[PDB]
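Undergrad: The following block contains the structure, expressed as structure tokens.
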Amino acid sequence: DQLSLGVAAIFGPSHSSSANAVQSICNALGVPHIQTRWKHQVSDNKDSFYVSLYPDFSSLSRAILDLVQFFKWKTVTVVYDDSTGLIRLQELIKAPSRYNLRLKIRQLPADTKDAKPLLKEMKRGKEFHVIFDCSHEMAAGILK
Amino acid sequence: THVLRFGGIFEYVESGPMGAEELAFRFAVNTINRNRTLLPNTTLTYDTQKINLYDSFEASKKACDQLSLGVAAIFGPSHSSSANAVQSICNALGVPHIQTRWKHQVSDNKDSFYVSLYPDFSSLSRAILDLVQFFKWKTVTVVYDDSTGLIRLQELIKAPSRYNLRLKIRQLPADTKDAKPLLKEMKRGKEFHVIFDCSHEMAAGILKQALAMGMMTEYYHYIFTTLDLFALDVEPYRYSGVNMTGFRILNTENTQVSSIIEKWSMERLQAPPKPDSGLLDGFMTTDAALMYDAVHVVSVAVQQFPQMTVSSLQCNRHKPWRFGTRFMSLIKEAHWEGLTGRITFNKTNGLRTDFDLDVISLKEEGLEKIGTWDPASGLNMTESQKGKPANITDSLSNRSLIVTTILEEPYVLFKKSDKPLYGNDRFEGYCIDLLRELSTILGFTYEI
Amino acid sequence: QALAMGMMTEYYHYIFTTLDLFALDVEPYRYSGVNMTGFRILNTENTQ
Ligand SMILES: *[C@@H]1O[C@H](CO)[C@@H](O[C@@H]2O[C@H](CO)[C@@H](O)[C@H](O)[C@H]2NC(C)=O)[C@H](O)[C@H]1NC(C)=O
Ligand SMILES: *[C@@H]1O[C@H](CO)[C@@H](O)[C@H](O)[C@H]1NC(C)=O
Ligand SMILES: *[C@@H]1O[C@H](CO)[C@@H](O)[C@H](O)[C@H]1NC(C)=O
Ligand SMILES: *[C@@H]1O[C@H](CO)[C@@H](O)[C@H](O)[C@H]1NC(C)=O
Ligand SMILES: *[C@@H]1O[C@H](CO)[C@@H](O)[C@H](O)[C@H]1NC(C)=O
């Protein structure tokens, strides 16, 4: 209803699923789709009518790896919120092949904010080098 | 009396005859119409049409064309991006969206009208986890194929906190099947345990290169994930001694099932697989298994519910259909038995969490059941406990080995705690050790 | 048939005897790690 109305620069949703609909809209008709949040590429899609200005997790997940090298850690305890977030960290999970990192990946609980049992388990496990991976609205609630 | 029009979306078969899911779907429409036991006074029909699996707009046109034609259930495409297009069609109108493919589920995707008969990796990866306590490993080296691999095994990747392991997750190279630089690093890593996680087509492709990389010894103890492990031409690997354990859902231990599978392979004499692939020729893929198991589950639903019919609803004017709010509650409450055995959905989210499995492994004769898994019960595995054969403890070399014993200190002093006990520990000392120290070397159950 | 019975590791070493070992289809075995040290009298390292 914007395309039949006549537009030039669809700027897309901010979500995974509703993006890939409007991208394949924008592949057929020819209008550029322009994204803002990172979505999950399916790696075999022939779509090239899209750009995405979210900083790609190809390089962010690599940049985190260099910054854990810098601190010379051994016992990182990677924590995410949604299963998409594990894909957002692939250069860190593949690292124990390369280096002597020893991850222990553990998940913020579903349908809630309650990060007590995480931190309950996290204290007794004696880990101290934890990487979070969650939205900043979520993230402030853990530190509370 | 009524036709109850089905259809849906399938793979485009650019110059080949037909894709293997679509053959099962027409074979499912056939089989119910012959056997009149299922479905009184009705028949079934289908409107199949193809997409490129990556063009959701092609799917969203071709879905709503069948909706404008009027269907009774869209049976959906077979790809993640093309699912969520047709997923959101069936949420909008109320028609069901019976799937045969695991897709990524968005965590906040508030939908109702869909099921997916492919067993959830929420449960399935607990089963792969259930083996590595049974096989008593420590040093798993999970190998995914693309970025959706590492999201499937999330219950496996969240292991090493407990059941203690040491995960070294590494990735198959994209854009090729050249796993030689990948496997060469695994050899110098001494990584003798690995949970290959890909299709069966890749699972032939790595082994056939892992055979040339000298990785197929009696040391290496592969575990696959694909539910068509019983479709590999395992014949060249069979004598070597490789322990490629795995899974299947497709129960070949039923006459009625295996009759269909050979009735199938006569129908799909059309489209033979090319020989050098490393794959077999006559085999039910587990996708075409779930596709044929799907239409039964819908057919047993309309058995449970008459008077269901076809209206023609239009995506241009968003309107809830009529019957789906009744009828989706029929589908989600189903307990059909089929090619995958106990189809039973989940009264929560429309997945498949309860299902039975066989654990098949490569013994020297071939693939062979070594037990049964389900969400309860853990690994019920018929180990057929060794140390039996026609014997107990050699029965004459170890009769009771009755030993003439005097109590003398420090040789045999006396073993007391309180409250008179028995066995060989009625006495203790230097010779009582030399009883068991001569027994620890050779092996004989002795008696004072 | 050594390959189909998993004896083509990095541990084995098969000295062949025949004087045609060079003319053998060594391509699937090559990457593995057997060291099939054999012989040749044929002198293919000479242009004429
Ligand atoms: C790895 O494989 C060997 C043989 O491939 C396993 O040994 C078993 O050996 C008996 C002979 O006494 C055979 O009859 C069985 O069929 C073999 N079992 C299997 C599953 O192949 C050995 O137990 C395996 N070990 C590990 C750690 O996987
Ligand atoms: C039709 O299916 C039913 C199962 O509901 C079975 O009992 C019956 O034997 C089948 N008919 C034939 C001819 O196989
Ligand atoms: C339809 O099937 C029913 C059984 O449910 C049977 O009684 C009836 O004779 C059949 N035919 C018609 C025309 O209704
Ligand atoms: C339904 O799905 C949830 C989420 O996976 C699962 O925990 C639950 O046990 C399922 N219900 C049944 C009947 O098992
Ligand atoms: C499964 O059940 C018990 C152990 O759970 C065992 O006795 C039985 O033999 C197993 N197998 C079958 C086919 O019931």
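Every residue number used here counts from 1 along the chain in the order it is shown.
Note: Cβ is positioned from N, Cα and C throughout, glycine not excepted.
Pasting the feature list from Swiss-Prot:
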{"type": "CARBOHYD", "residues": "B:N35", "note": "N-linked glycosylation site"}
{"type": "CARBOHYD", "residues": "B:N41", "note": "N-linked glycosylation site"}
{"type": "DISULFID", "residues": "B:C64-B:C315", "note": "disulfide bond"}
{"type": "CARBOHYD", "residues": "B:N243", "note": "N-linked glycosylation site"}
{"type": "CARBOHYD", "residues": "B:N346", "note": "N-linked glycosylation site"}
{"type": "CARBOHYD", "residues": "B:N380", "note": "N-linked glycosylation site"}
{"type": "CARBOHYD", "residues": "B:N391", "note": "N-linked glycosylation site"}
{"type": "CARBOHYD", "residues": "B:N398", "note": "N-linked glycosylation site"}
Undergrad: Could you check which of the recorded positions B:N35, B:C64, B:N346, B:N398 is the closest Cα neighbour of B:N391 (N-linked glycosylation site)?
TA: B:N398
Undergrad: Anything from the recorded positions B:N35, B:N41, B:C315, B:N380 with its Cβ under 6 A from ligand 1? List those in sequence order.
TA: none
Undergrad: Taking the Cβ of B:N398 (N-linked glycosylation site) as the reference point, list residues of the same chain whose Cβ is under 8 angstroms away and which are at least six residues distant in sequence.
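TA: Sequence-distant Cβ neighbours: B:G443, B:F444, B:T445.
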Undergrad: Calculate the distance in Å between the alpha carbons (Cα) of B:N243 (N-linked glycosylation site) and B:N380 (N-linked glycosylation site), and round it to a whole number.
TA: 19
Undergrad: Can you list which of the glycosylation sites B:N41, B:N346, B:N380 have their Cβ under 6 Å from some atom of ligand 5?
TA: B:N380
Undergrad: May I ask you to report the DSSP-based helix, strand or coil state of B:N380 (N-linked glycosylation site)?
TA: strand
Undergrad: Just how many other Cβ atoms lie inside 10 Å of the Cβ on B:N391 (N-linked glycosylation site)?
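TA: Its Cβ has 9 other Cβ atoms within 10 Å.
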Undergrad: Please list the recorded positions from B:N35, B:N243, B:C315, B:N346, B:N380 whose Cβ falls under 6 Å of any atom in ligand 2.
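TA: Only B:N35 qualify.
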Undergrad: I'm trying to understand the geometry here, so how far is the Cα atom of B:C315 (disulfide bond) from the Cα atom of B:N346 (N-linked glycosylation site), in Å to the nearest whole number?
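TA: A Cα-Cα distance of 29 Å.
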Undergrad: Which recorded positions out of B:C64, B:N346, B:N398 lie by ligand 4, going by a Cβ under 6 Å?
TA: B:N346
Undergrad: Could you measure between B:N35 (N-linked glycosylation site) and B:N41 (N-linked glycosylation site) for me? Cα positions, answer in whole angstrom.
TA: 12
Undergrad: Under 6 Å from ligand 3 by Cβ, which recorded positions from B:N35, B:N243, B:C315, B:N346?
TA: none
Undergrad: State the Cα to Cα distance, in Å, between B:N346 (N-linked glycosylation site) and B:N41 (N-linked glycosylation site), rounded to an integer.
TA: 30
Undergrad: For B:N41 (N-linked glycosylation site), which residues of its chain lie six or more apart in sequence with Cβ-Cβ distance below 8 Å?
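TA: Result: B:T1, B:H2.
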Undergrad: Please give me the CB contact count at 10 A for B:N380 (N-linked glycosylation site), counting all chains in the structure.
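TA: That number is 11.
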Undergrad: Whole-number answer please: how many Å between the C-alpha atoms of B:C64 (disulfide bond) and B:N380 (N-linked glycosylation site)?
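TA: B:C64 (disulfide bond) and B:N380 (N-linked glycosylation site) have their Cα atoms 46 Å apart.
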